[PDB]
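**Q** Chains as they are written, first to last, in UniProt numbering: chain B, 1 to 241, 253 to 306; chain W, 3 to 243, 259 to 306; chain H, 2 to 40.
Idealized CB from N, CA, C, for every residue including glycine.
Dropping the structure in here first, questions after.
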Amino acid sequence: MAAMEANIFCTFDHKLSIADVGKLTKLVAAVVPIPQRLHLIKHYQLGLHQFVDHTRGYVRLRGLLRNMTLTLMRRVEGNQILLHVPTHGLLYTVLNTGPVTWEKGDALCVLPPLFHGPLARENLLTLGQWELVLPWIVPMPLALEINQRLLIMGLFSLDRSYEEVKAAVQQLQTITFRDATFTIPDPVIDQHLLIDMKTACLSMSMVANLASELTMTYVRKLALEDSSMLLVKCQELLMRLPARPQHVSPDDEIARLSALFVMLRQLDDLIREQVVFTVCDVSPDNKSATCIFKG
Amino acid sequence: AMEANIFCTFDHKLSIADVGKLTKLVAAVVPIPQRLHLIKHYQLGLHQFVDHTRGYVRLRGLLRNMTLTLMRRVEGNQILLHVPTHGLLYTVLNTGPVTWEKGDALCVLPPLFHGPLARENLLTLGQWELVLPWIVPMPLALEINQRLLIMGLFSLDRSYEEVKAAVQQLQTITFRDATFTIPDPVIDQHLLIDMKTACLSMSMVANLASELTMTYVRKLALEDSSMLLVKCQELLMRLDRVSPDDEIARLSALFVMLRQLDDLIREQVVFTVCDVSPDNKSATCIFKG
Amino acid sequence: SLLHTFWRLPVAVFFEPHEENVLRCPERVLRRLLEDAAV
Numbered sequence: 001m002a003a004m005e006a007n008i009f010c011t012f013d014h015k016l017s018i019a020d021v022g023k024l025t026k027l028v029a030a031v032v033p034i035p036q037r038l039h040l041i042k043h044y045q046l047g048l049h050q051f052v053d054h055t056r057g058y059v060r061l062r063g064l065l066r067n068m069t070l071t072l073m074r075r076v077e078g079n080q081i082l083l084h085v086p087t088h089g090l091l092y093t094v095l096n097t098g099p100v101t102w103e104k105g106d107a108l109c110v111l112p113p114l115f116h117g118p119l120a121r122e123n124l125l126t127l128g129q130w131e132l133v134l135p136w137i138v139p140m141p142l143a144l145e146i147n148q149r150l151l152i153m154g155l156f157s158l159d160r161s162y163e164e165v166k167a168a169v170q171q172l173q174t175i176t177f178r179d180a181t182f183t184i185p186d187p188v189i190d191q192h193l194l195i196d197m198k199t200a201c202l203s204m205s206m207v208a209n210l211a212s213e214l215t216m217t218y219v220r221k222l223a224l225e226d227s228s229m230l231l232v233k234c235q236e237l238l239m240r241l253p254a255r256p257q258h259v260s261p262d263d264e265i266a267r268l269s270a271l272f273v274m275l276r277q278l279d280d281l282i283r284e285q286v287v288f289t290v291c292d293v294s295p296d297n298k299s300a301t302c303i304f305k306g
Numbered sequence: 003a004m005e006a007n008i009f010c011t012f013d014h015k016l017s018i019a020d021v022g023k024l025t026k027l028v029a030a031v032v033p034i035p036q037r038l039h040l041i042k043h044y045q046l047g048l049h050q051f052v053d054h055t056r057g058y059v060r061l062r063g064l065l066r067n068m069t070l071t072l073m074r075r076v077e078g079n080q081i082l083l084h085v086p087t088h089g090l091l092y093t094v095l096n097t098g099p100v101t102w103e104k105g106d107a108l109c110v111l112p113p114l115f116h117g118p119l120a121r122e123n124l125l126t127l128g129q130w131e132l133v134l135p136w137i138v139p140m141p142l143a144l145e146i147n148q149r150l151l152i153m154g155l156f157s158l159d160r161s162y163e164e165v166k167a168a169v170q171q172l173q174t175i176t177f178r179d180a181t182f183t184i185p186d187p188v189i190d191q192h193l194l195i196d197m198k199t200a201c202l203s204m205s206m207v208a209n210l211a212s213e214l215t216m217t218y219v220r221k222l223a224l225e226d227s228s229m230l231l232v233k234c235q236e237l238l239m240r241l242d243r259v260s261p262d263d264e265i266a267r268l269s270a271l272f273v274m275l276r277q278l279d280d281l282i283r284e285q286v287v288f289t290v291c292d293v294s295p296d297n298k299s300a301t302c303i304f305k306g
Numbered sequence: 002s003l004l005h006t007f008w009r010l011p012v013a014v015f016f017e018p019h020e021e022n023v024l025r026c027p028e029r030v031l032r033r034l035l036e037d038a039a040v
């Protein structure tokens with residue numbers, strides 16, 4: 001097999017009206033995902049709508065789009081779309097699709113669209129029961145909050161009644177990152193989320209094991225004399241019970268906190284996906300931004 | 003054709019001795035807040051962020067997302083900074099304390115000595131003072147961050163003698179021809195706030211993890227299909243030898274107190290060495306960002 | 002009469018027949034073998 005092609009020509013087979021190509025001209029210099037990386041792929045491989053299931057497992061779609069190969073759209077014309085799968089380190093522009101305004105310095109990520117369906121009115125290229133579903137480009141606070149709330153929703157589904165989870169979703173499904181409301185779609189127990197729950201369980205037990213006596217008694221030696229409002233918020237989430256400590260040794264605590272660091276790294280990959288796009292400078296309408304780490 | 007550089011002006015008057023001092027740093031690492039194309043001379047280094055009540059860990063937070071660059075050429079009224087790209091090789095000066103070798107993983111680190119310092123002979127102006135982050139090998143950066151977190155974890159009980167022995171034997175680091183010592187985070191028995199937040203979040207994720215996992219494996223012990231959960235709670239039964262709103266707030270606090278520790282539990286290697294020039298003051302490091 | 006094992010919490014197994022099987026006669030076969038060793 002020959003090399004990977006950086007230039008990928010797409011092709012529609014059905015007829016196109018003028019309104020569809022006009023609606024597609026706004027999608028120039030934006031992200032579409034493809035699994036193929038061939039040269040003359042058809043439009044069936046273009047985008048997420050070959051993957052929508054009945055279950056709509058968002059963690060599974062997140063993993064499948066993590067495994068997907070990204071590209072940027074370039075110079076749409078009559079029934080051709082040139083796709084530029086980019087190399088690690090160069091610099092060109094992207095284009096937001098989700099309703100998140102962007103600032104500078106904050107890295108971006110790729111997420112499948114939340115609340116996807118006729119409830120949110122996305123009129124994206126409906127033809128031959130094939131839509132064009134683009135992944136949202138969200139900054140890392142939104143991605144971390146989504147993955148964090150999916151993990152707590154996977155944790156909460158044990159031994160509590162259905163009424164308690166339905167009373168917790170009205171407190172938990174709301175996200176108001178940067179003056180816009182975001183709802184988490186359909187929390188359900190699939191296989192991937194319980195696999196991630198197994199990894200989180202092992203990591204939380206091991207970081208419970210690898211703590212010393214000083215990390216145990218730090219807040220109990222700090223909350224006795226200091227009165228900070230952060231300590232007011234952090235004191236109440238523990239139990240009840253000067254004071255000379257028993258033993259101390261730094262040449263053991265070096266490797267002990269090294270292992271606590273490697274366990275915190277092994278818990279951190281359950282929420283952070285990867286850095287996918289870093290933003291350099293935005294436009295004064297925030298609808299387009301030049302970006303480094305292109306692909 | 004020219005190269006995609008950053009011009010930098012100097013608003014204060016320049017003298018020939020200061021330009022002669024500046025031209026020693028030909029290929030030196032320099033940080034930049036945002037990659038514009040005409041910057042003032044108040045944005046060359048970390049002296050815009052040197053503060054009294056805040057200390058090292060805030061500088062580590064600002065440096066990890068700072069857009070660093072390399073100087074290229076010094077001349078009248080303009081300083082040409084070169085923005086490095088991922089996947090090219092660049093000469094970089096060793097302004098740090100330690101010599102490098104072929105293959106060391108290199109990352110940025112703020113200077114341990116503040117504005118008050120007796121050993122610096124740098125670019126000095128009426129108020130402006132050029133500082134420069136060192137590039138140490140990544141084992142040294144891990145050791146410095148780790149030892150500083152440990153001796154900042156004892157910022158509360160320095161009255162005892164054995165903890166004074168522990169800090170004063172933890173005040174120093176041991177590397178290759180390095181009897182280099184790092185100063186104390188405690189200054190006159192009050193702690194800078196962000197170091198307190200770092201060790202507080204460390205102890206908070208430790209105590210939350212040591213408290214809630216037993217209740218959760220009690221709730222998890224009914225779905226046991228793999229051989230990991232039984233030894234996972236055998237550990238918890240070995241260690242000793259609830260309203261839903263509180264544990265929901267506890268779990269969200271667990272993940273946010275973890276999420277505020279990404280600057281400490283990980284950091285990315287910036288440069289890596291292709292070779293070391295003789296007398297060990299320069300190296301041609303391929304960028305990796 | 003009952004033994005003393007170290008790992009206090011018991012383990013779920015893959016049940017490999019590639020490994021050794023684990024004493025898999027129930028209480029009916031135990032009581033029957035008690036009668037057969039008796040008579």
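Counting contacts by CB-CB distance shorter than 7 Å, is residue 47(W) in contact with chain B?
**A** No, no contact with chain B.
**Q** Taking the alpha helix (DSSP H) that residue 152(W) belongs to, which residues open and close that run?
**A** Segment 140-154, the alpha helix (DSSP H) holding residue 152(W).
**Q** My output table needs one value for residue 14(B): the three-state DSSP class, helix, strand or coil.
**A** Three-state result, residue 14(B): coil.
**Q** For residue 91(B) and residue 154(B), what's the separation of their Cα atoms in angstroms?
**A** Approximately 38 Å between the Cα atoms of the pair.
**Q** Would a check of beta-carbon distances place residue 166(B) closer than 7 Å to chain W?
**A** False, the Cβ-Cβ gap to chain W never drops below 7 Å.
**Q** Does DSSP put residue 294(W) in a helix, a strand or coil?
**A** Residue 294(W): coil per DSSP, three-state reduction.
**Q** Using the beta-carbon of each residue, which ones in chain H are nearer than 7 Å to residue 235(W)?
**A** The contacting residues are 10.
**Q** Give me the subset of the region 194-206 of chain B whose CB atoms are less than 7 Å from a CB atom of chain W, sorted by chain position.
**A** Those would be 198, 201, 202, 204 and 205, in chain order.
**Q** Find the residues of chain W that neighbour residue 148(B), judging by a C-beta separation of less than 7 Å, and give them in chain order.
**A** The answer, in chain order, is 272.
**Q** Between residue 13(H) and chain W, is the shortest Cβ-Cβ distance under 7 Å, so that the two count as touching?
**A** Closer than 7 Å: yes.
**Q** Closest to residue 241(B) by CA distance: which of 218(B), 131(B) and 151(B) is it?
**A** For the residues 218(B), 131(B) and 151(B), the minimum Cα distance to residue 241(B) belongs to 218(B).
**Q** Please state the DSSP three-state secondary structure of residue 191(W).
**A** Here residue 191(W) sits in coil by DSSP.
**Q** One question on the structure: do residue 111(W) and residue 136(W) come within less than 7 Å of each other, judged by their Cβ atoms?
**A** The answer is yes: Cβ separation under 7 Å.
**Q** Flag this pair as yes or no: are the beta carbons of residue 69(W) and residue 37(W) separated by less than 7 Å?
**A** For residue 69(W) and residue 37(W), yes; Cβs fall inside 7 Å.
**Q** Residue 171(W) touches chain B at which residues, Cβ-Cβ below 8 Å?
**A** By Cβ distance, chain B contributes 261.
**Q** Restricting to runs no shorter than 4 residues, where is the alpha helix (DSSP H) found entirely within the region 25-106 of chain B?
**A** For the region 25-106 of chain B, whole alpha helix (DSSP H) runs of length 4 or above, ordered along the chain, are 58-67.
**Q** Could you check how far apart the C-beta atoms of residue 320(W) and residue 184(W) are, in whole angstroms? I think they sit under 8 Å.
**A** Only positions 3 to 306 of chain W appear in the structure, and residue 320(W) is not among them; the question remains open.
**Q** Using the C-alpha atoms, what's the distance from residue 33(B) back to residue 42(B)?
**A** Taking the straight line from one Cα to the other gives about 13 Å.
**Q** Between 106(W), 133(W), 168(W) and 13(W), which lies nearest to residue 47(W) when the distance is taken from Cα to Cα?
**A** Nearest option by C-alpha distance: 133(W).
**Q** Measure from the alpha carbon of residue 6(W) to the alpha carbon of each residue in 31(W), 40(W), 16(W) and 30(W), then state which is nearest.
**A** Minimum Cα distance to residue 6(W) is reached at 40(W).
**Q** Chain W partners of residue 190(B), CB-CB under 9 Å?
**A** Per Cβ cutoff of 9 Å: no residues; residue 190(B) is ~14 Å from chain W at best.
**Q** Tell me where the alpha helix (DSSP H) around residue 271(B) begins and ends.
**A** Here the alpha helix (DSSP H) through residue 271(B) covers 261-279.
**Q** Closest Cβ-Cβ distance between residue 216(W) and chain H: below 7 Å?
**A** Output row for residue 216(W): interface = no.
**Q** Against chain W, with Cβ distances strictly below 7 Å, would residue 240(B) count as a contact?
**A** It does not: the Cβ of residue 240(B) has no partner Cβ on chain W nearer than 7 Å.
**Q** Using 7 Å as the limit for Cβ to Cβ distance, is residue 153(W) near chain H?
**A** Taking Cβ atoms only, chain H never reaches closer than 7 Å to residue 153(W), which makes this a no.
**Q** Using the beta-carbon count (16 or more within 10 Å), is residue 26(H) buried or exposed?
**A** Counting Cβ neighbours within 10 Å, residue 26(H) comes out exposed, since fewer than 16 surround it.
**Q** How would you write the range of the alpha helix (DSSP H) that residue 217(B) sits in, first residue to last?
**A** Per DSSP, residue 217(B) belongs to the alpha helix (DSSP H) from 213-222.
**Q** Taking the alpha-carbon positions, what's the residue 103(B) to residue 262(B) distance?
**A** Distance between the alpha carbons of residue 103(B) and residue 262(B): 44 Å.
**Q** Name the chain W residues that come within less than 8 Å of residue 103(B), Cβ to Cβ?
**A** Ordered by position in chain W, no residue passes the 8 Å Cβ test against residue 103(B), which lies about 11 Å from the chain.
**Q** Please report how far the alpha carbon of residue 131(W) lies from the alpha carbon of residue 86(B), in whole angstroms.
**A** Residue 131(W) and residue 86(B): Cα-Cα distance of roughly 41 Å.
**Q** With a threshold of 16 other CB atoms inside 10 Å of the CB of residue 145(B), please say whether the residue is buried or exposed.
**A** Buried, by the Cβ-count rule.
**Q** According to DSSP, is residue 26(H) helix, strand or coil?
**A** Residue 26(H) falls in the coil class under three-state DSSP.
**Q** Taking DSSP's pairing of strands, which residues face residue 209(W) in a bridge?
**A** Paired residue(s): none; residue 209(W) is not in a bridge.
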